[PDB]
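See structure below.
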Amino acid sequence: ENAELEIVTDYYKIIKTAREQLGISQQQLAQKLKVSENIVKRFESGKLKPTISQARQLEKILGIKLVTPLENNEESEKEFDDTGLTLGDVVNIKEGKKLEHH
(Lines give C-alpha, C1' and ligand atoms only; values in the text may rest on other atoms or scores of the structure.)
Protein backbone atom coordinates (compact mmCIF):
# COMPACT_ATOMS: atom_id res chain seq x y z
CA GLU A 1 0.00 0.00 0.00
CA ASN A 2 1.40 3.33 -1.33
CA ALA A 3 -0.70 5.51 1.07
CA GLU A 4 1.28 3.99 3.97
CA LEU A 5 4.48 5.43 2.53
CA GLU A 6 5.85 8.93 3.15
CA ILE A 7 7.69 11.89 1.67
CA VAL A 8 7.01 14.52 4.50
CA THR A 9 9.37 12.69 6.87
CA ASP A 10 11.47 15.80 7.88
CA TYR A 11 14.30 13.57 6.61
CA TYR A 12 14.36 14.40 2.84
CA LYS A 13 16.66 16.42 0.56
CA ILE A 14 17.20 19.19 3.10
CA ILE A 15 19.22 16.96 5.54
CA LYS A 16 20.04 14.13 3.10
CA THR A 17 22.21 16.25 0.72
CA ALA A 18 24.31 17.47 3.69
CA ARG A 19 24.78 14.33 5.81
CA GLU A 20 26.37 12.91 2.66
CA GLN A 21 28.53 16.13 2.44
CA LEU A 22 29.93 15.08 5.85
CA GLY A 23 30.29 11.46 4.77
CA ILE A 24 29.22 10.16 8.23
CA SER A 25 27.68 6.68 7.99
CA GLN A 26 24.08 5.42 8.59
CA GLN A 27 25.44 3.65 11.69
CA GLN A 28 27.24 6.84 12.77
CA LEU A 29 24.01 8.96 12.37
CA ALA A 30 22.04 6.43 14.31
CA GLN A 31 24.33 6.95 17.36
CA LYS A 32 23.87 10.77 17.00
CA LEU A 33 20.19 9.95 17.68
CA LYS A 34 20.23 6.91 19.92
CA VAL A 35 18.62 4.59 17.18
CA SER A 36 19.64 1.89 14.61
CA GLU A 37 21.05 2.07 11.08
CA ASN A 38 17.98 -0.04 10.38
CA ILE A 39 15.53 2.74 11.45
CA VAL A 40 17.34 5.47 9.32
CA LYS A 41 17.04 3.30 6.19
CA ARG A 42 13.33 2.94 7.18
CA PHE A 43 12.90 6.74 6.96
CA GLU A 44 14.87 7.01 3.70
CA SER A 45 12.44 4.34 2.19
CA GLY A 46 9.21 6.09 3.38
CA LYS A 47 8.24 3.23 5.77
CA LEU A 48 8.85 4.94 9.09
CA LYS A 49 9.22 8.49 10.45
CA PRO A 50 11.26 10.12 13.34
CA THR A 51 9.38 11.55 16.39
CA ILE A 52 9.13 15.17 17.64
CA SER A 53 12.16 15.27 20.03
CA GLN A 54 13.98 13.41 17.17
CA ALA A 55 12.72 15.94 14.49
CA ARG A 56 13.98 18.45 17.15
CA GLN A 57 17.43 16.82 17.10
CA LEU A 58 17.68 16.28 13.30
CA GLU A 59 17.38 20.09 12.89
CA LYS A 60 20.39 20.22 15.27
CA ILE A 61 22.23 17.00 14.24
CA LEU A 62 24.74 18.29 11.55
CA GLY A 63 24.88 21.93 12.73
CA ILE A 64 23.71 22.37 9.10
CA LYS A 65 21.45 21.34 6.19
CA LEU A 66 20.63 22.16 2.59
CA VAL A 67 23.79 21.65 0.59
CA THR A 68 25.35 19.62 -2.24
CA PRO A 69 28.94 20.17 -3.41
CA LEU A 70 27.22 22.63 -5.72
CA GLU A 71 24.62 24.50 -3.60
CA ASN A 72 25.89 28.05 -3.15
CA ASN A 73 23.12 30.11 -1.56
CA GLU A 74 22.55 28.68 1.96
CA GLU A 75 22.18 31.63 4.30
CA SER A 76 21.03 30.23 7.71
CA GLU A 77 22.42 30.28 11.26
CA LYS A 78 24.56 27.21 12.08
CA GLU A 79 22.55 25.29 14.71
CA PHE A 80 23.99 22.28 16.53
CA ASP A 81 23.16 20.25 19.59
CA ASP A 82 25.52 20.68 22.51
CA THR A 83 26.33 16.92 22.70
CA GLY A 84 26.55 17.37 18.88
CA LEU A 85 29.36 20.02 19.20
CA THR A 86 30.93 20.09 22.60
CA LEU A 87 30.80 16.45 23.71
CA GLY A 88 31.65 15.74 20.06
CA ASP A 89 35.00 17.66 20.37
CA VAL A 90 37.08 14.44 20.86
CA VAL A 91 39.33 12.44 20.14
CA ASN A 92 40.72 15.73 21.37
CA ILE A 93 44.54 15.22 21.41
CA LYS A 94 44.59 14.09 17.77
CA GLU A 95 44.12 16.17 14.63
CA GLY A 96 40.66 16.49 12.97
CA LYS A 97 39.26 14.44 15.82
CA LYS A 98 39.87 10.80 14.65
CA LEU A 99 36.36 9.74 13.49
CA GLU A 100 35.34 6.26 12.16
CA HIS A 101 34.94 7.31 8.41
CA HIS A 102 38.35 9.14 8.30
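Numbering starts fresh at 1 for the residues of each chain in the C-alpha coordinates, the chains themselves are lettered A, B, ... in the order given, and ligands are numbered from 1 as they appear.
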
Run DSSP on the backbone of this structure and report the residues of chain A it assigns to helix (DSSP H, G or I), as a PyMOL selection string. chain A and resi 13-19+26-31+37-44+52-60+82-85

Would you list the contacts of region 53-55 of chain A as a count of residues only, taking every protein, DNA or RNA residue within 10 Å and counting only C-alpha atoms, but skipping same-chain residues closer than 2 positions in sequence? 14

Provide the CA of residue 67 (chain A) to CA of residue 26 (chain A) distance in Å, to one decimal place. 18.1 Å

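Taking only C-alpha atoms, the non-local environment of residue 18 (chain A) within 10 Å (same-chain residues fewer than 5 positions away omitted) comprises residues 13, 23, 24, 62, 64, 65, 66, 67, 68 and 69 of chain A.
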
May I have the residues within 12 Å of region 94-101 of chain A as number ranges by chain, using only C-alpha atoms and disregarding those fewer than 2 positions away in the same chain? A: 20, 22-29, 85, 87-92

Selection to disk with N, CA, C and O atoms, as a CSV table (one decimal), in the first residue's frame:
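Wrote it out as result_30.csv, contents follow:
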chain,number,residue,atom,x,y,z
A,20,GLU,N,25.5,13.3,3.8
A,20,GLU,CA,26.4,12.9,2.7
A,20,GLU,C,27.5,13.9,2.4
A,20,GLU,O,28.6,13.4,2.1
A,22,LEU,N,29.1,15.3,4.7
A,22,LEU,CA,29.9,15.1,5.9
A,22,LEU,C,30.4,13.6,5.9
A,22,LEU,O,31.2,13.3,6.8
A,23,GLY,N,29.9,12.8,5.0
A,23,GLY,CA,30.3,11.5,4.8
A,23,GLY,C,30.0,10.4,5.9
A,23,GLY,O,30.2,9.2,5.6
A,24,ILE,N,29.5,10.9,7.0
A,24,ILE,CA,29.2,10.2,8.2
A,24,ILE,C,28.2,9.1,8.0
A,24,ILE,O,27.3,9.3,7.2
A,25,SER,N,28.5,7.8,8.4
A,25,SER,CA,27.7,6.7,8.0
A,25,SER,C,26.3,6.6,8.6
A,25,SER,O,25.9,7.3,9.5
A,26,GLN,N,25.4,5.8,8.0
A,26,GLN,CA,24.1,5.4,8.6
A,26,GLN,C,24.2,5.0,10.0
A,26,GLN,O,23.4,5.4,10.9
A,27,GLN,N,25.2,4.1,10.3
A,27,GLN,CA,25.4,3.7,11.7
A,27,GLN,C,25.9,4.8,12.6
A,27,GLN,O,25.7,4.8,13.8
A,28,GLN,N,26.7,5.7,12.0
A,28,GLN,CA,27.2,6.8,12.8
A,28,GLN,C,26.1,7.8,13.1
A,28,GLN,O,26.1,8.2,14.2
A,29,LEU,N,25.2,8.1,12.2
A,29,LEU,CA,24.0,9.0,12.4
A,29,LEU,C,23.0,8.5,13.5
A,29,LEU,O,22.4,9.2,14.2
A,85,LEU,N,28.2,19.2,19.3
A,85,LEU,CA,29.4,20.0,19.2
A,85,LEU,C,30.4,19.5,20.2
A,85,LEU,O,31.5,19.1,19.8
A,87,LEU,N,30.4,17.8,23.4
A,87,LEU,CA,30.8,16.5,23.7
A,87,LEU,C,31.3,15.7,22.5
A,87,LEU,O,31.9,14.6,22.6
A,88,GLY,N,31.1,16.3,21.3
A,88,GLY,CA,31.7,15.7,20.1
A,88,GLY,C,33.1,16.0,19.9
A,88,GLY,O,33.8,15.3,19.2
A,89,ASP,N,33.8,17.0,20.7
A,89,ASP,CA,35.0,17.7,20.4
A,89,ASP,C,36.3,16.9,20.6
A,89,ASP,O,37.3,17.6,20.5
A,90,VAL,N,36.2,15.6,20.5
A,90,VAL,CA,37.1,14.4,20.9
A,90,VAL,C,37.1,13.4,19.7
A,90,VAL,O,36.2,13.2,19.0
A,91,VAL,N,38.1,12.6,19.4
A,91,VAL,CA,39.3,12.4,20.1
A,91,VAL,C,40.1,13.7,20.2
A,91,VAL,O,40.7,14.2,19.2
A,92,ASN,N,40.3,14.3,21.4
A,92,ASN,CA,40.7,15.7,21.4
A,92,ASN,C,42.2,15.9,21.0
A,92,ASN,O,42.5,16.9,20.2

Distance of CA of residue 102 (chain A) from CA of residue 16 (chain A), expressed in Å to one decimal place: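 So the answer is 19.7 Å.
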
Could you give me, as a list in words, the residues within 9 Å of residue 45 (chain A), counting only C-alpha atoms and dropping anything in the same chain fewer than 3 positions from it?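 Those residues are residues 5, 6, 7, 40, 41, 42 and 48 of chain A.
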
Dump as a PDB file, in the first residue's frame, selection limited to N, CA, C and O atoms:
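Writing done, so here's part_3.pdb:
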ATOM      1  N   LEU A   5       3.210   4.789   2.756  1.00  0.00           N
ATOM      2  CA  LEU A   5       4.484   5.426   2.526  1.00  0.00           C
ATOM      3  C   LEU A   5       4.499   6.922   2.828  1.00  0.00           C
ATOM      4  O   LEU A   5       3.444   7.482   3.092  1.00  0.00           O
ATOM      5  N   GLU A   6       5.680   7.543   2.774  1.00  0.00           N
ATOM      6  CA  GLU A   6       5.846   8.934   3.150  1.00  0.00           C
ATOM      7  C   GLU A   6       6.915   9.715   2.406  1.00  0.00           C
ATOM      8  O   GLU A   6       8.036   9.245   2.246  1.00  0.00           O
ATOM      9  N   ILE A   7       6.633  10.952   1.975  1.00  0.00           N
ATOM     10  CA  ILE A   7       7.688  11.886   1.672  1.00  0.00           C
ATOM     11  C   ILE A   7       7.863  13.118   2.545  1.00  0.00           C
ATOM     12  O   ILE A   7       8.888  13.787   2.454  1.00  0.00           O
ATOM     13  N   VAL A  40      16.839   4.463  10.247  1.00  0.00           N
ATOM     14  CA  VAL A  40      17.337   5.467   9.317  1.00  0.00           C
ATOM     15  C   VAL A  40      17.183   5.034   7.875  1.00  0.00           C
ATOM     16  O   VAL A  40      16.451   5.708   7.141  1.00  0.00           O
ATOM     17  N   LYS A  41      17.538   3.823   7.459  1.00  0.00           N
ATOM     18  CA  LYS A  41      17.039   3.304   6.193  1.00  0.00           C
ATOM     19  C   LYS A  41      15.517   3.296   6.104  1.00  0.00           C
ATOM     20  O   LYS A  41      14.984   3.678   5.062  1.00  0.00           O
ATOM     21  N   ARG A  42      14.775   2.935   7.150  1.00  0.00           N
ATOM     22  CA  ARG A  42      13.328   2.936   7.176  1.00  0.00           C
ATOM     23  C   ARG A  42      12.727   4.297   6.872  1.00  0.00           C
ATOM     24  O   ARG A  42      11.743   4.290   6.138  1.00  0.00           O
ATOM     25  N   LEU A  48       8.778   4.495   7.715  1.00  0.00           N
ATOM     26  CA  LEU A  48       8.854   4.940   9.094  1.00  0.00           C
ATOM     27  C   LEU A  48       9.112   6.445   9.119  1.00  0.00           C
ATOM     28  O   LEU A  48       9.598   7.034   8.160  1.00  0.00           O
TER      29      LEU A  48
END
